[PDB]
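Student: sequence first, structure after, both from an experimental entry:
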Amino acid sequence: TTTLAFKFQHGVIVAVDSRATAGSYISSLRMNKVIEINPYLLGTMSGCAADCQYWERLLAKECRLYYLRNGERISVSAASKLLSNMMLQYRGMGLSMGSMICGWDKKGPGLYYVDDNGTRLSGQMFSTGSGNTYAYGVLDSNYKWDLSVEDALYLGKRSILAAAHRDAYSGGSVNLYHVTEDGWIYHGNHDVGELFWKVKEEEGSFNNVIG
Amino acid sequence: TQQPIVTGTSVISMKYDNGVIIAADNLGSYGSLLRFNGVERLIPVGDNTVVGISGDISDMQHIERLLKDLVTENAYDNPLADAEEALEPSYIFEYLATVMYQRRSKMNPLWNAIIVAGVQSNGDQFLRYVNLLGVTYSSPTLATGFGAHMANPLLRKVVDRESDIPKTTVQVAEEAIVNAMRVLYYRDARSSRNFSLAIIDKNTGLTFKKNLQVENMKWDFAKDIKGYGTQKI
Amino acid sequence: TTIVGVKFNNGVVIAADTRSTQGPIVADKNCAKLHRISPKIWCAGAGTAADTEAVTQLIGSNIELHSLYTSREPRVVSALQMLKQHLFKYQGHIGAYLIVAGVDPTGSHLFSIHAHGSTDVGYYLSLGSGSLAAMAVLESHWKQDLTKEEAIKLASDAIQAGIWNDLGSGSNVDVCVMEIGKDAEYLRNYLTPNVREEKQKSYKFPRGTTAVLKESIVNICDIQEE
Amino acid sequence: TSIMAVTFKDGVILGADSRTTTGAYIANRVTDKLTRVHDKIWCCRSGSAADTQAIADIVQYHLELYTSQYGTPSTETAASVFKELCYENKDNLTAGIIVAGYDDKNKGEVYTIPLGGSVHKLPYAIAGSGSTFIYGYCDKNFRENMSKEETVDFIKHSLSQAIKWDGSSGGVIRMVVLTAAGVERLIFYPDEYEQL
Amino acid sequence: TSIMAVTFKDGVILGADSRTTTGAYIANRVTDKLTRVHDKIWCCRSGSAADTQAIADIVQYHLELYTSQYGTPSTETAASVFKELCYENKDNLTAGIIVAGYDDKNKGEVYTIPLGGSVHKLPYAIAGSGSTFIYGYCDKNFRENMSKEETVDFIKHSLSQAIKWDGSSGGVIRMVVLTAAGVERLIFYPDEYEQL
Amino acid sequence: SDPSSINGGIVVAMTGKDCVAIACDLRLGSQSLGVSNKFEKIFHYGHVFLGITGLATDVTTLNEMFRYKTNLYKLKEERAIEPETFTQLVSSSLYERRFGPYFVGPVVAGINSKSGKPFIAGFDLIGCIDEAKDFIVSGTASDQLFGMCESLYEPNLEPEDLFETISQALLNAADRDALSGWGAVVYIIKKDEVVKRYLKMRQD
Amino acid sequence: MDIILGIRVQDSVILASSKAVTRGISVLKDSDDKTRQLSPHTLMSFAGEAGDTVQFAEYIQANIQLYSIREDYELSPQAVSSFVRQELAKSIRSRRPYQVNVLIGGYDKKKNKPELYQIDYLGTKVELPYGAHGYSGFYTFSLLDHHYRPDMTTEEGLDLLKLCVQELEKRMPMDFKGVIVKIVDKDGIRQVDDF
Amino acid sequence: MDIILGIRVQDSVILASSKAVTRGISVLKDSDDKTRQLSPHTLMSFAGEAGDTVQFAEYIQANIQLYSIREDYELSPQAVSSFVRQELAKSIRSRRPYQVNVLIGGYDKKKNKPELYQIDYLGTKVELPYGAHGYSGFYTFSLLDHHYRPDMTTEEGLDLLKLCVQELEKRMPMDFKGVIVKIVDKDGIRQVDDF
Amino acid sequence: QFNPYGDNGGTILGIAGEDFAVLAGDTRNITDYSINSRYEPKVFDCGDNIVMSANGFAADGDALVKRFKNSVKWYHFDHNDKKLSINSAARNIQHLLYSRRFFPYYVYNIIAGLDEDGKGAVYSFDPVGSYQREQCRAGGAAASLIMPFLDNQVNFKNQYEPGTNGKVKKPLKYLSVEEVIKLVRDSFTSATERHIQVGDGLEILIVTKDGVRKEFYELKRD
Ligand SMILES: *[C@@]([C])([C][O])[C@](*)(=O)[C]([C]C1=[C][C]=[C][C]=[C]1)[N]C(=O)[C]([C]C1=[C][N]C2=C1[C]=[C][C]=[C]2)[N]C(=O)[C]([C])[N]C(=O)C1=C([C])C2=C([C]1)[C]=[C][C]=[C]2
Ligand SMILES: [Mg+2]
Ligand SMILES: [Mg+2]
Ligand SMILES: [Mg+2]
Ligand SMILES: [Mg+2]
């Protein structure tokens, strides 16, 4: 996999690939690596698929119970911490999970990286999975806070494409999300095969590839 | 986790038109040592079921006691213990299968391979296998250990599929089983000449044959065989 | 692999299945496991397939040169001795397990040979993953003073046992009959009990289905005149 | 495997079972473990079949060449050739060989060559996986200068017990009698020796 | 170790050597391997001395408590208590025990309990590292309903051979005779049994 | 670690009516990293075609070696080598390194210039020949290729139909393998004309 | 050693190679030149196991210089790359293989074209517009895939190269102490002294 | 994590801690604050295995804050350091020990003295004028041994600290992305925003 | 050392239609190179119009199916005989699998049926509990042989419309139950040829609004 997420002026972009592998065999062409915890909270998935699905769906249970008890939406900071504390219970037991908790709360847009070690980091931009290095290259050189919603969506889409191309264990399709103060907005499933040829022509990139 | 010490080799079985046949030799091996020569590895449960066991003998004796206790427990507060509410082969098998799978799940298995042969209340033939892993399967012919490699091929020539069962008589089926036991005696280094055979028929009931021997063996051709290649004398 | 060798009245017969595998995958559905060492000495091999071929070709080559040198027809004991001494030297690293059979001026012969260099003599033998299934048939039905027709039947029945009951064996049955005072008859695909049934559908595509970027003529001819 | 060689009044007798195993599978049930290296010098083989066959073949070659140059070799000489091969290649071999032969001068002799390549001249010798079970029986029942028929019975009874307890042993009991009269091969089937 | 128990006309006799080794060092050359769990129920021990002593002590406790409540226990019952301990603790034990006892109803009985914890009722039993060498001898020489003197000779000759070939066995031959008459202890020294 | 799956790649060959086809992907990688999308795995020595999968250094090395040997063959024999003969040369050359082998899965394809008979063959890394009538597969998606070929293939296909069958067999097998893809090439071979087509496929 | 990069533009080849040399936990040198001139228009950068790298590079250098003198002629970059590949392919099955990865940047004076060849220690050769060894490509190839054109100038090639080094300096845990950059074109080989 | 330094001057304690956080081969963050305020005049920096560090630091923080509320009183740095040491010494013989090394910088308001305590994951406590964990001391202690006086000002302490970081940046193979520096004195805890 | 796991071979295939679904699987059961049974059912009717197959280690497969069938029974008891929807069954199965995260059920599970809108549905699981709804899925021994064929012949991957040359894709027209069964039979016939663990027999369970129907077909026994 490749996943990314970044904060900007108009909220937070979330982009992931859809490939799943069992060794060198591509087990799945289209797997959903984002979880809709609530209208204002998202979770990315990298590592063991089962671990990612189980624990982040269990987080949604716990985030939902927070709302019922307090009559108020949980913060991104608190949600990320609940998850990191779950990981800390199964410390050294062999869980493999890398996720970014993305959302909007009273402090504004929030983004937290969380992994199986219990590591919990706040930040502007993150990328996880086998292809994160390829995505970071595009992100770092093209990122600004002053990005428009249209350009930001494209950056995250293009950054996944970069990784999908080079990384053998990333690809399939790109799933896009945009998080606002009114909630998250799904911006579709984009096949990499079709997207690659389109970007190559329009952008002029991938000159070395013949098409 | 353990290792098997005193062991029993192949158990072989097959279905025929009116019932099932099962057989197993009377040997208890201690590695390469043929230590115990009077071991019964077919254990009847009532008059409608025979459980054949291979593998570790100490675990076999434990299973033998569980079955003996199962009969006792089924009779408790049961006026129909010798009739409608008697133990069926399917009940006995599922019990064992439950035990085997639980034990493997605790990483402390009963180091056995078991075949439950019998006839149900409605006359249907019952033949199913279970082992130390809790793996279960059924087939017109079943065999454990070496029997799976050498006996099944011979028995499947008689009953190759389900439709061959009504066409197979008890004389033909017994003949096939007895021939298979001879072949195993030729080729299994952990086998013995002495064996037991059991027939469970829906009409004639349970027939249990002890102290059977492998006979009509071919050895004469050995005299002509000399050396390992070039030697003539 | 399933292979057998059976002696009879005036000669010897060998047989084999036709499946070759790459683990659980079938690479070749109609492999040829019956190899020729000399015209009337044939062997059949299990184990490492390249080793059984290479070692068979090598010894067969040296046997031919020996036959030319001595002005005599090759003997099975010669092939046997040359094979075992070669295999012993490589201490089992050449994974060749063979059944060697043939006729020569001395008579009819049947041997087995293992990868480490040990040889055996017998009237009926079996090698490979299906050896036990085949041997069960041989021990059930073999007898002294078999005829040619009875031995071919026994041999193919033994291979069938392997085909049906062993996952490492399958497809067809090959046979070679070596009778004294006769040419050896190689019966390729003597039995064909595993023909694939007709498919339910034709998967022939419409022309133009596949997307193409570039086309070009490949020059396979040499440099031209003028 | 169960093998033995026994000296007696008129010469020496070699005896062996016929079972060859690959684990628990009996690869050959009618094996001939009594192998000839010279007219009246035979050996019994135990251990790796590949190793023992290769050795016996080389020894047979050495004794054929010895005979062409120097005449009929002694049993001691044959045992020395076995030893030299087993001892110098001990790191790459697994061979336990019993050598037995007849001279008119020395009569019946028996030499045993265990794993290390040592040589031991004995009145009788036992070897193979099944030999362990008959150390007590053979020690109690062996006598020097037995008759041919007494010696055949001794080997038959001994190997019968070895076969009875050892799963790696079995099949028929082959024997080879070495005397001035010549070379006699014997065979005894299960129905005979099992009921002893 | 070389141990055995043999039934005969008047009851049963247990026999054993007296050697205990720590590798090649003989830690005790006069060991008593014949151990009493009840008046007329004794056992022969093989394997880990710590394990077999701990088991026999526990069994002795169970049979003492059985006797206080239900009267004199059978030999079968004693063997069942041994079995239950050896079988349920098989992962942490290395014990090979032969159980032997006398009733007036059942007379002389012998049960052997090898490593796994299985039980086998037999006419006679042999066990220990030295037993391997006398499987053939004992099978050939054992008869049912022997006299006391015949049975003593059988055990003496058998263990003599086991001691002769097994380095882990040796010392004196101890025996315990179990009959209606009572309990008789016997001992046989090297100078007696070595010359057999 | 496994030499046969470090660089990745696949090759497939099929027989048709008076024709043969051989195809390969263009990927070369260092495990997860894609390095080249122009690494062609099919070579030709006269009218005999050789596809090689596996360790890229050995692929390159063997091509150079068979070029060496076929050029000498031609100088001495005064004629181009035939597919049947070349197949034996490949087998021989691989087995001479029995205990230090080239980590490759070669595939021969061609038409005998005299008989006109189409010919294909495959080998293991050690030289064992697989002379199939229908098709030969090799590479990291060999399991995938076996499934596609076995279901899509039918005998006596015409060149332009065979093209579609082999192309779809390769393309869809490559799309279920992480270590294969990044382009594809198909050779359509007839007795005296050979066409080479680059396929359009997904580049992930 | 660690990072070596290469890029082929319109009329030249640019090679960038790290300056760091580490021994134990200490950086012994921060100005090391991981390259050898094989011929006036052919440059080879290298990275791999300590000691082996320089020994291999100098051995190749000696062989190409010997060829140049013997024939009074400069071998093409393609010919040199093939010679180097064969030596590595020969080496990988030796008793003790040379663990060296190389980039060969050369200007072919016959064809008037720049050429970049990437060869790893196994003898795996590929001609590329841009290349790298080890982990360097993981960070940089996405930038090169995006920004690279074949008609780029040498100055544009250097700017794209700076962006690659900046990305490496940001996302690598490894301090490689900057890079020495060298340009190979029709006029020969020269070093960019300010980078 | 990697580098944490500490120095006790005349009237304050200065802690410097690296900003880098690495996961796999990628630097995920270059602005991470590896420290927690235990009380108004006590600061603890930490370094060790991923996840364990923050969990341990926050657990200690909670305990000291609980004590502060219960007694309406701030524990001395010495008392806090002893509490922390015991927790680590308790931890090292647990089923799964916490692999965390800490520096505790505090100003004792009773004695009017700065105090620096170095504690490793085994529970090995030492009071020092300057300290470090891991490999940091190998590069820096020679400079500190030379330049350190006990009557140094806070500004002189920062200058000596800069020299230590410069030496680390030169001789370490590791890019730790600079340091966050914090000062602990009578007026409390503050961060040096430009370093 | 005791190995609690084993491999019983076999291969399974689930395809979702427009208003139907199929779940197929071969009937061969094996260990190593031996055949245990030529007919050992692997696909089961679990009630509530749901079919299920747990392929891999048969003992774990039987245990899971047995537990899910039990879960359906208790769902009726606890929730007033309410029908267990396919999506609800799928989520329940995830929790059954993850309850053994640290000693997994060694099986690749597939279920099939109809969603609450009456449309065909297939859900597929890994051994530890990751699941997702799919249109097409082959599982088990010959999964890698079959899936590419289904990508091509069910979703028309890499197929374009003649004349356009790669510009226009082949349109994704729906498949009938008769067309799907043809693709299933050809998938298993092809898998039987090239995979030694596949053969003997093929059993297909078809699910519609009318209920669950069975179809059996012979396969090669070599
Ligand atoms: C990259 C593709 C590679 O790592 C990415 O990380 C994905 C993330 C992902 C997250 C949620 C859902 C799907 C994918 N990871 C995987 O695909 C992982 C990688 C992996 C395999 N083993 C392993 C991994 C990671 C860490 C430790 C160990 N792959 C899996 O989890 C494997 C086990 N799963 C499958 O192959 C299948 C899944 C999931 C699935 C299958 C097979 C079938 C039906 C439904 C789901
Ligand atoms: Mg002694
Ligand atoms: Mg990719
Ligand atoms: Mg310290
Ligand atoms: Mg078969």
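Tutor: Thanks, I have the structure now. Residues are numbered from 1 along each chain as shown, chains lettered A, B, ... in the order given. Ligands and ions are numbered 1, 2, ... in the order given.
Student: next, count neighbours for whichever residue of chain B sits closest to ligand 2.
Tutor: Among the residues of chain B, residue B:33 lies closest to ligand 2, at 21.2 Å counting by Cβ to the ion. C-beta: built from backbone N, CA, C; applies to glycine. Residue B:33 has 19 neighbouring residues, counting by other Cβ atoms under 10 Å in any protein chain shown.
Student: gap between the nearest residue to it once chain neighbours are set aside and ligand 1?
Tutor: Nearest non-adjacent residue to residue B:33, counting by Cβ to Cβ, 6 or more residues apart in numbering or on different chains: residue D:165, 6.2 Å away. With the distance defined as Cβ to the nearest ligand atom, to the nearest Å, residue D:165 ends up 52 Å from ligand 1.
Student: hang on, residue D:165 packs against residue D:133?
Tutor: Yes - Residue D:165 lies in contact with residue D:133 (Cβ atoms under 8 Å); the separation is 4.3 Å.
Student: who touches both of those two?
Tutor: Common contacts of residue D:165 and residue D:133 (Cβ atoms under 8 Å, 6 or more residues apart in numbering or on different chains): E:135, E:136.
Student: those two: who's more crowded?
Tutor: Using other Cβ under 10 Å as the criterion, residue D:165 and residue D:133 rank with residue D:133 on top: 29 against 22.
Student: hmm, who's touching stretch I:69-87?
Tutor: With Cβ under 8 Å, 6+ apart as the criterion, stretch I:69-87 contacts I:44, I:46-50, I:89, I:92, I:96, I:111-116, I:121, I:123, I:133.
Student: may I see the PyMOL selection of the buried members of these?
Tutor: Remark: buried members of the contacts of stretch I:69-87, expressed as a PyMOL selection using 16 or more other Cβ atoms under 10 Å in any protein chain shown:
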select buried, chain I and resi 44+46+47+48+49+50+89+92+96+111+112+113+114+121+123
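Student: now do the helices in the chain.
Tutor: Went with chain A since none was named. Ranges of helices in chain A, per DSSP state H, are A:49-70, A:76-89, A:132-142, A:149-166, A:192-203.
Student: meant chain F, my bad for not saying
Tutor: So, for chain F - with DSSP H - the helices run F:56-77, F:83-95, F:142-152, F:159-174.
Student: give the contact list for the nearest residue to residue I:106 once chain neighbours are set aside.
Tutor: Take residue I:106 and drop its neighbours on the chain: the residue closest to it by Cβ to Cβ, 6+ apart is residue I:57, 3.9 Å away. Neighbouring residues of residue I:57 by Cβ under 8 Å, 6+ apart: B:133, B:135, I:5, I:6, I:7, I:8, I:105, I:106, I:107.
Student: part of a strand, is the fifth one?
Tutor: No - counting by DSSP: H, G, I helix; E, B strand; the rest coil, residue I:7 falls outside a strand, being coil.
Student: mind telling me which residue of chain F is nearest ligand 2?
Tutor: Residue of chain F nearest ligand 2, by Cβ to the ion: residue F:99 (49.3 Å).
Student: what's the neighbour count on that residue?
Tutor: Considering only other Cβ under 10 Å, residue F:99 is surrounded by 8 other residues.
Student: how close does the nearest residue to it once chain neighbours are set aside sit to residue C:1?
Tutor: Beyond its immediate neighbours in the sequence, the residue positioned closest to residue F:99 (Cβ to Cβ, 6+ apart) is residue C:93, lying 7.1 Å away. Shown here: residue C:93 relative to residue C:1, a distance of 19 Å by Cβ to Cβ, to the nearest Å.
Student: do the same with residue F:196
Tutor: 39 Å.
Student: which one's more surrounded, these two?
Tutor: Higher neighbour count among residue F:196 and residue C:1: residue C:1, with 27 against 17, using other Cβ under 10 Å.
Student: so is that one in a helix, a strand, or just coil?
Tutor: Criterion first, three-state DSSP; result for residue C:1: coil.
Student: residues in contact with it?
Tutor: Counted by Cβ under 8 Å, 6+ apart, residue C:1 has contacts C:16-17, C:19-20, C:33, C:45-47, C:127-130, C:168-169.
Student: near chain I, which residues of chain F?
Tutor: Contact residues (Cβ under 8 Å from any Cβ of the partner chain) of chain F with chain I: F:143-144, F:146-148, F:150-152, F:167-168, F:171-173, F:175-176, F:200-201.
Student: go with 7 Å
Tutor: Residues of chain F found near chain I (Cβ under 7 Å from any Cβ of the partner chain) are F:143-144, F:146-148, F:150-151, F:168, F:171-173, F:175-176, F:200-201.
Student: run a quick neighbour tally on the residue in chain G that chain I sits nearest to.
Tutor: Using Cβ to the nearest Cβ, the closest approach of chain G to chain I is made by residue G:145 at 22.6 Å. Other residues within reach of residue G:145 by the criterion other Cβ under 10 Å amount to 22.
Student: how about residue F:157?
Tutor: Neighbours of residue F:157 (other Cβ under 10 Å): 20.
Student: again with residue A:11
Tutor: 23.
Student: residue A:154 too?
Tutor: Counted by other Cβ under 10 Å, the residues lying close to residue A:154 total 19.
Student: list the contacts of it.
Tutor: Going by Cβ atoms under 7 Å, 6 or more residues apart in numbering or on different chains, residue A:154 touches no other residue.
Student: in chain D, what residue comes closest to ligand 4?
Tutor: residue D:91 (53.5 Å).
Student: identify the residues contacting that residue.
Tutor: Residue D:91 neighbours (Cβ under 7 Å, 6+ apart): none.
Student: ok, it to residue D:117 distance?
Tutor: Counting by Cβ to Cβ, the gap from residue D:91 to residue D:117 is 10 Å.
Student: tell me where chain C has strands.
Tutor: Along chain C, the segments classed as strands by DSSP state E run C:3-8, C:11-17, C:20-22, C:25-28, C:34-38, C:41-47, C:96-104, C:107-113, C:119-121, C:124-127, C:173-179, C:185-191, C:212-217.
Student: okay, the residue of chain B closest to ligand 2 and residue D:31: tell me how far apart.
Tutor: For residue B:33, the distance to residue D:31 - Cβ to Cβ - is 21 Å.
Student: up against chain I, what does chain C have?
Tutor: With Cβ under 7 Å from any Cβ as the criterion, chain C meets chain I at residues C:21, C:24-26, C:29, C:129, C:163-168, C:170-171, C:194, C:196-197, C:199-201, C:206-212.
Student: restrict those residues to those near chain B?
Tutor: Here is what survives when the residues of chain C next to chain I are matched to chain B using Cβ under 7 Å from any Cβ: residue C:165.
Student: quick check: which of the residues of chain C next to chain I are also close to ligand 5?
Tutor: residue C:170 (Cβ under 5 Å from the ion).
Student: out of the residues of chain C next to chain I, which sit inside helices?
Tutor: Reading helices off the residues of chain C next to chain I with DSSP H, I get C:163, C:164, C:165.
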